[PDB]
Amino acid sequence: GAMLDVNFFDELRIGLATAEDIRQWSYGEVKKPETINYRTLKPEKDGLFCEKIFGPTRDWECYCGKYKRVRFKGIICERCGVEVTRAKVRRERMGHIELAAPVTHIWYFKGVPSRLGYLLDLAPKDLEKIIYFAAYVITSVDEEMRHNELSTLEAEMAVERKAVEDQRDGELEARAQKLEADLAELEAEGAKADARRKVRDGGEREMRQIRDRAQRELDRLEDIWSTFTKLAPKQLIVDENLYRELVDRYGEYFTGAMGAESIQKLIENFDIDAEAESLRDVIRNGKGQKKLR
Amino acid sequence: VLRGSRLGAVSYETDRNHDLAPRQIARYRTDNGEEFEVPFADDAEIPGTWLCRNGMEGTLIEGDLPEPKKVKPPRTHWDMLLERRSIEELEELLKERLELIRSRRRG
Amino acid sequence: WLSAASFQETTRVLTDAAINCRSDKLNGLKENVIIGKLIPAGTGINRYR
Amino acid sequence: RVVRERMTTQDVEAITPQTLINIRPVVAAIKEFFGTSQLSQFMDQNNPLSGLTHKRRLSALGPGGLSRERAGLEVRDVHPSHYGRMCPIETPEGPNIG
Amino acid sequence: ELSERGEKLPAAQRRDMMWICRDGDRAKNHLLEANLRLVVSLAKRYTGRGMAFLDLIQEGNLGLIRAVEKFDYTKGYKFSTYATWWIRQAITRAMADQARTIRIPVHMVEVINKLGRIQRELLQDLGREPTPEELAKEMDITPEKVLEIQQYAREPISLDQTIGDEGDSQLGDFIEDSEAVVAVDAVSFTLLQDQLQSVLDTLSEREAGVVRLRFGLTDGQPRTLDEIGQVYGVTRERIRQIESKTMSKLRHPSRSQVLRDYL
Amino acid sequence: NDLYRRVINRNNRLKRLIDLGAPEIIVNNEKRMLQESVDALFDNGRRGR
DNA sequence: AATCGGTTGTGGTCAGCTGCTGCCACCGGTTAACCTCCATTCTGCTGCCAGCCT
DNA sequence: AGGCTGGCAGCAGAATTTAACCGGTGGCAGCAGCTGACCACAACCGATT
Ligand SMILES: [Zn+2]
C-alpha cells in the first residue's frame with residue numbers, strides 16, 4: 001500500500017519475502033566487499049557504500065560533479081550513474097547480494113520448534129546433517145523403472161555374488177594345495193609334533209581370515225542391495241562410500257543431493273493439500289504420540 | 001565529547017518542482033528479457049550498455065550499435081600447457097597413451 | 001503481532017507472524033505509541049477528539 | 001609461541017637469543033592490563049580517606065571472578081569467618097552490596 | 001579442433017579418445033585431493049591476523065589449483081617444492097586484499113609490513129622507541145612519508161561496543177551527528193530570505209531585477225551581464241554600470257543596518 | 001559491514017571455484033562456509049560459536 | 001548644460017581545456033633441493049528404556 | 001514369537017613463518033599555450049530636454 005508513509009495507515013502486514021520481493025525492493029546488486037577509498041575517503045563503485053546503488057552523499061550532486069543543482073533534479077548522470085537527488089535517500093534504498101548457491105534462513109531451521117522440520121517431517125538432527133553438508137538426502141526416486149527392472153538387477157547381483165563365491169572356491173583349492181604340500185613337507189621330515197601343526201594352524205587361520213574377507217564383502221553387497229530395494233525420498237544416506245556405490249551401480253532411478261538446494265527440491269516436490277489431509281485423518285482417527293505429533 | 005561526520009554535505013535550498021532541466025528516457029534490455037528505464041539529460045550522449053538493477057549489463061533497445069567484441073582470456077590451462085610443451089611432444093604423449101589403452105583393453 | 005513482539009520473545013513472535021501472514025489492525029494502546037499516533041483512550045477517542 | 005615458530009624456520013648455528021625473542025606481546029600484555037582493565041582503576045582522589053580506602057579494597061568482581069547479575073544472594077552475605085578479615089559495615093549500597 | 005568443421009573420425013577411436021579426456025580430469029582431481037593436507041599445514045601459520053582459518057585454507061586451495069596447472073614434470077622436482085610458492089603467494093595476497101574494512105592495496109600493505117619489521121628491530125636493538133627520523137633513515141624515505149604510512153595503518157573502532165562499565169551504553173550513543181539541521185540556522189535562513197527580499201523590493205523594479213538575476217536569487221542559476229543585457233535590451237557595460245550603482249545604493253546604512261546582524 | 005563483507009567474500013570465491021571446475025570437496029567446503037556466514041549475518045551465535 | 005544607453009582603446013586576467021610530459025599508483029603474474037590434518041528458575045521438546053498385549 | 005506406549009531423564013531457550021622482480025596501464029599533477037571570455041579604467045559618442 002503506502003510507501004512514503006503519510007499517516008493514514010489502516011494495517012501493518014508481515015509475511016515472508018521471496019526472492020522476487022527482495023530483488024524488487026533492491027536498487028542494485030552489491031558485488032564487492034569494499035567500503036570507501038583509503039586515500040580519498042569516498043565510496044567505491046559496486047561496494048557496500050556505492051552511490052550508484054544507494055544514492056548520492058551530497059545534496060543534489062552526482063559523483064563526478066557533472067550535475068550540481070536542483071535544476072538537474074531526478075536525472076541520472078551518464079558517466080557515473082548517480083541519480084542527483086537528496087542525500088537522505090541513503091537511509092531508504094536497499095540493495096541485494098545474488099547468491100551462487102541457495103541458503104536456508106536460520107530462523108526457520110534452527111529455533112525450536114523447527115518449522116522446516118515440521119513441514120518436511122525431518123528430525124532437526126537429520127536436517128542439520130543435510131543443510132551443513134554431512135549427509136545425502138534422496139530428493140526423488142523412480143518407481144515404474146525400479147519395479148520393471150528389479151528382477152534383472154536381482155539377477156545381476158546374484159551373478160556378481162556367484163563370481164565372488166567362485167573366487168573364494170579358487171582360494172580354497174589353492175590353499176588346499178599349499179596345505180597338502182605342507183603335509184608332505186612336514187610329516188615326512190623329523191621335527192616337533194606340535195610345530196608341524198603350527199604351520200597348518202597358520203594355514204587354517206589364513207583360510208578363516210580369507211573367508212571372513214569374503215563374508216564381509218558379501219555382507220557389503222547385501223547391504224547395497226537392501227538399501228536400493230528400500231529407497232524412498234526424504235531418506236538420509238550417511239556413509240559416503242555407500243552413496244557412491246549406489247550412484248555407481250544404480251545411477252538412474254533416483255537423485256540425491258546435500259544442502260539447501262536439496263532442501264528446496266524437497267519443498268518443490270511437496271504437496272501441501274495432500275499432507276494436510278493425511279494429518280487431519282491422523283488427528284481424527286489415531287491416538288497417542290502419533291496424534292500429538 | 002565525540003563528534004563525527006559521515007562525510008557528506010547538506011544544502012539549504014527550496015525544493016521546487018517547476019523550472020527543471022529537460023530529460024529523455026532510454027530503455028535497456030538484459031539477457032533474460034528484463035527492461036529498465038533510465039532518465040538521462042536531454043543534452044547528453046546515451047550509452048550503448050548500462051549496468052541495470054539486476055547487476056547485469058543491458059544493451060540499448062534501439063538497433064544501431066555494433067559495439068561489443070571479444071576480450072578473450074589469454075590464460076587457460078591449454079595456454080599454460082602450450083607455453084611449456086611442443087606439438088610433437090604432446091602428440092607423442094597422446095600416441096603413447098593410446099597405445100597403452102589399446103594394450104590394456106584390446107592387447 | 002507488533003505489541004507481542006515488543007513484549008518479549010521477539011524472534012519467536014516474528015517468525016510465525018510471518019508464517020501465518022498476520023495482519024495488525026493497530027487497535028491497541030501500544031501499537032499507537034510505536035507508530036506515532038493518538039492512543040485510543042482519554043482524549044484521543046472520536047467522541048472527544 | 002613465536003620463539004618456537006621462528007626457531008623452526010631459521011638456520012641453526014646462525015641464530016641467537018635476540019633473533020629468537022620478540023618482546024612486543026609482553027609489552028602489549030602489560031600495557032593492556034594497566035590501561036583498559038576492570039581492576040586497574042582511576043584513583044579516588046577526593047580526600048586522603050578516599051585515597052587510602054581505594055587501596056585496601058577487596059572486590060569480588062572482575063576478569064576471573066563473578067559477575068554482578070549472575071552473582072547469588074549467598075556470596076553477598078557476612079559470614080562468621082569475616083571477623084577480623086573483612087569489615088561487615090563498609091560496603092557499597094548500590095547494586096554492588098556485598 | 002577436429003569437431004570444428006565436421007571431419008568425422010572412426011567411432012572406436014572416438015570412444016578411445018573420450019576415455020583419456022575424462023581420465024585427465026580424474027587425474028587432476030586426484031592430485032589436488034592428495035595435496036590439500038599440504039595446503040592446511042602451510043596455511044595454519046597465518047592464523048591470528050584478520051582472516052579466519054577456513055578462509056585461509058580456501059584461498060590456499062585456489063593457489064594449489066594454479067600450481068597444478070603450471071607444474072612441469074620434466075624438471076624432476078617434487079610437487080610440494082613447486083606448489084609451496086603458489087600456495088604462500090595466494091594466502092598472502094588474499095590476506096592483503098581481505099583483512100581490513102577500508103582496503104589498502106597490496107603495495108601499501110607491503111610497505112606497512114616493512115615499516116613494522118624495521119620498527120621492531122630498532123626497538124629491540126635500541127632500548128627505546130625509534131623516532132620518525134630514525135625510521136625514515138633506515139627505510140630510505142622522507143620523515144613525512146613515515147607518518148603518512150603510519151596513519152594509513154589504522155583500523156576502525158566499532159560503533160557497537162560498550163563504552164561504559166555498568167550502564168551498558170554503546171559508542172554510537174555518544175557521537176553527535178554533525179550534519180543534522182540545527183533548527184535555528186534553518187529559520188534564520190528563512191528570515192534572511194524574507195528580509196533580503198524586502199530590502200531588494202524597496203528599490204526600483206529593474207534595479208532589483210538586475211541584482212536578482214545577477215546573483216541567481218530566483219532560480220539558483222547566476223546569469224551573466226550579457227544575458228541580463230539581452231533580457232532588458234541593454235549592453236554589457238551599461239548593465240555593469242547600473243549594477244555598480246545599485247551596489248552603491250545597497251551599501252547605504254539605511255539598507256544594510258537591517259542585514260548586518262546576519263553575518 | 002563485517003558480516004556483509006564475509007557474505008560477499010565467500011560468495012565471490014564460490015563463483016570462482018565453480019567456474020574453475022574444482023573438485024567437490026573444495027566446492028562443498030565453500031558452500032558450507034557461505035551458509036554459515038549468512039547464518040551469522042542473520043542470527044549470530046544461534047548455531048555454533 | 002545634463003542623461004540614458006552604445007563603442008571601445010587598451011591593459012590585465014583568469015581559469016578551461018589541450019597537449020604533453022613525465023611519473024606514480026594499482027593490479028596481475030611469477031618464483032622449481034626439501035618438509036602434507038584445529039547463576040537461577042521455568043517451560044517445552046526429544047530421545048530412552050521397561051512393560052503389558054496379540 | 002515380537003511390538004508401541006507409559007513414565008523417565010536429559011537438553012535447549014527465555015526472563016531477571018620469512019618476500020621480493022616485472023609488465024603495463026590508467027590516473028595524477030603540473031605547466032606553457034593558447035586562449036576566449038571576463039573585468040575594468042578611461043575615454044569617446046547618439047540623441048534629447
Ligand atoms: Zn556524475
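Hydrogens, waters and symmetry mates are skipped; everything else that's a heavy atom, side chains included, is used. By convention in this document, chain letters (A, B, ...) are assigned in the order of the sequence lines, proteins followed by strands, and residues within each chain are numbered from 1.
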Would you say [X] places a side-chain N or O within less than 4.0 Å of OP1 or OP2 belonging to [N]?
{"X": "A/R39", "N": "G/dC26", "value": "yes"}
{"X": "E/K70", "N": "G/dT30", "value": "yes"}
{"X": "E/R103", "N": "G/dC27", "value": "yes"}
{"X": "E/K78", "N": "G/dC35", "value": "yes"}
{"X": "E/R206", "N": "G/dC4", "value": "no"}
{"X": "E/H107", "N": "G/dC26", "value": "yes"}
{"X": "E/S80", "N": "G/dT36", "value": "no"}
{"X": "D/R6", "N": "H/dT18", "value": "no"}
{"X": "A/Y38", "N": "G/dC26", "value": "yes"}

Looking at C1'-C2'-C3'-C4', which way does the sugar of [N] lean, north or south?
{"N": "H/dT16", "answer": "north"}
{"N": "H/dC38", "answer": "south"}
{"N": "H/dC21", "answer": "south"}
{"N": "H/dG6", "answer": "north"}
{"N": "H/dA40", "answer": "south"}

Base, sugar-phosphate or nothing for [X]? Non-hydrogen atoms, less than 4.0 Å.
{"X": "C/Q8", "answer": "sugar-phosphate"}
{"X": "A/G117", "answer": "nothing"}
{"X": "E/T92", "answer": "nothing"}
{"X": "E/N113", "answer": "nothing"}

Sub-3.5 Å pairs of nitrogen or oxygen atoms, protein against nucleotides 40-42 of chain H:
from	atom 1	to	atom 2	distance (Å)
H/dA40	OP2	E/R240	NH1	2.9
H/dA40	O5'	E/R240	NH1	3.2

Should G/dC42 form a Watson-Crick or G-U wobble pair with both distances under 3.5 Å, which nucleotide is its partner?
->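 Checking every strand shown, G/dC42 finds its partner in H/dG13, with both distances under 3.5 Å.
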Any cation-pi pair here, A/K42 with A/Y63, using under 6.0 Å and within 45°?
->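 Yes, A/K42 lies over the aromatic ring of A/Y63.
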For A/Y132, is the NZ or CZ atom of F/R47 found under 6.0 angstrom from the centre of its six-membered ring and inside 45 degrees of the ring axis?
->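 Yes, a cation-pi geometry.
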Note: F/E36-F/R32 ion pair, threshold 4.0 Å (strictly below) =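 A salt bridge is absent here (no side-chain N lies under 4.0 Å from a carboxylate O).
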Here, do the bases of G/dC48 and G/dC49 lie with ring centres under 5.5 Å and ring planes under 30 degrees of each other?
->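 Judged on centre distance and plane angle, the pair counts as stacked.
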Between H/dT18, H/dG13, G/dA39, which nucleotide has the shortest distance from any of its atoms to the side chain of C/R12?
->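 Ranking H/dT18, H/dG13, G/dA39 by closest atom to the C/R12 side chain puts H/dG13 first.
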Side chain of E/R93: nearest nucleotide among H/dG13, H/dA20, G/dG5?
->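 Of all the options, the side chain of E/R93 is nearest to H/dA20.
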Tell me which of D/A71 and A/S114 sits closer to the 5' end of DNA chain G, going by the nucleotide each one is nearest to.
->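 Of the two residues, D/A71 wins.
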Is a donor-acceptor pair below 3.5 Å formed from side chain E/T81 to base G/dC34, judging by atom type as modelled?
->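 By the distance-only test, yes, there is a pair.
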How large an angle, rounded to 10°, do the end axes of the helix from G/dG9-H/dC41 to G/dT31-H/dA19 enclose when each is built from five base pairs?
->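 End axes: 40° apart.
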Within this structure, what is the [atom1]-[atom2] distance for the pair [X] and [Y], rounded to the nearest 0.5 Å?
{"X": "E/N35", "Y": "E/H30", "atom1": "CG", "atom2": "NE2", "answer": "9.5 Å"}
{"X": "A/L127", "Y": "A/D121", "atom1": "CG", "atom2": "CG", "answer": "11.0 Å"}
{"X": "F/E30", "Y": "A/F133", "atom1": "CD", "atom2": "CZ", "answer": "10.5 Å"}
{"X": "E/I242", "Y": "E/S248", "atom1": "CD1", "atom2": "OG", "answer": "12.0 Å"}

Between [atom2] of [N] and [atom1] of [X], the distance in whole Å:
{"X": "D/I15", "N": "H/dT18", "atom1": "CD1", "atom2": "P", "result": "17 Å"}
{"X": "E/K245", "N": "G/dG5", "atom1": "NZ", "atom2": "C1'", "result": "14 Å"}
{"X": "D/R70", "N": "G/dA39", "atom1": "CZ", "atom2": "P", "result": "5 Å"}

Tell me whether E/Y77 is stacked on the nucleobase of G/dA32, counting only the six-membered base ring and applying the 5.5 Å and 30° thresholds.
->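 Check failed, E/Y77 does not stack on base of G/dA32.
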E/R88 or E/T224, whichever maps to the more 5' nucleotide of DNA chain H =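 The residue closer to the strand's 5' end, by nearest nucleotide, is E/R88.
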Check DNA chain H against residues 33-58 of chain E and give the residues with a non-hydrogen atom under 4.0 Å, in numerical order.
->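 Here the set is E/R45, E/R49.
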Do H/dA42 and G/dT8 form a Watson-Crick or G-U wobble pair, with both donor-acceptor distances under 3.5 Å?
->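 Pairing fails for H/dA42 and G/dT8, missing the Watson-Crick or G-U definition.
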